[PDB]
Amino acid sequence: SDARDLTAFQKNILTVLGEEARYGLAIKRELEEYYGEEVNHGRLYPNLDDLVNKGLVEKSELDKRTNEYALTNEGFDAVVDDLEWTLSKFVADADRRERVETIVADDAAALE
């Protein structure tokens, strides 16, 4: 029972940080775009500080007023593991595998 009992909201913040470390309101904006609604910072911050104290996020300082949050490798392990569990249960056919890799081929083609 490591990354299992996380909340949907929380793991979203984990996959957010997998792309690159960000500073807070930078997370609110990207979460606002996935959900499709305003995410109130009263909800964001408190959940962040629960991951830090469980060893999945590190709340390093950037300004006198800005913080930079990033994934501890223990938190990065949480991202990869339940990504394996979904790929485990998704890739159950030839054509499903051909779909996952054509997804990842496009994802890396936009990388630049």
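Here, rigid core means the biggest group of C-alpha atoms that superpose within 1.5 Å across both forms. So that there is no doubt, residue numbering starts at 1 and follows the sequence shown.
Once the rigid core is used to overlay the structures in 7 other deposited structures of this protein, the stretch among 31-39 and 57-65 whose CA atoms lie farther from this form is 57-65. Taking only CA atoms, the mean B-factor in the PDB entry is higher for 55-63 than for the other of 55-63 and 77-85.
Relative to its counterpart among 24-32 and 67-75, 67-75 has the higher mean temperature factor, C-alpha atoms as listed in the PDB entry. In the deposited entry, the Cα temperature factor of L6 sits in the top third of values across the chain's modelled residues. Split the chain's modelled residues into thirds by C-alpha temperature factor. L111 is in the highest one.
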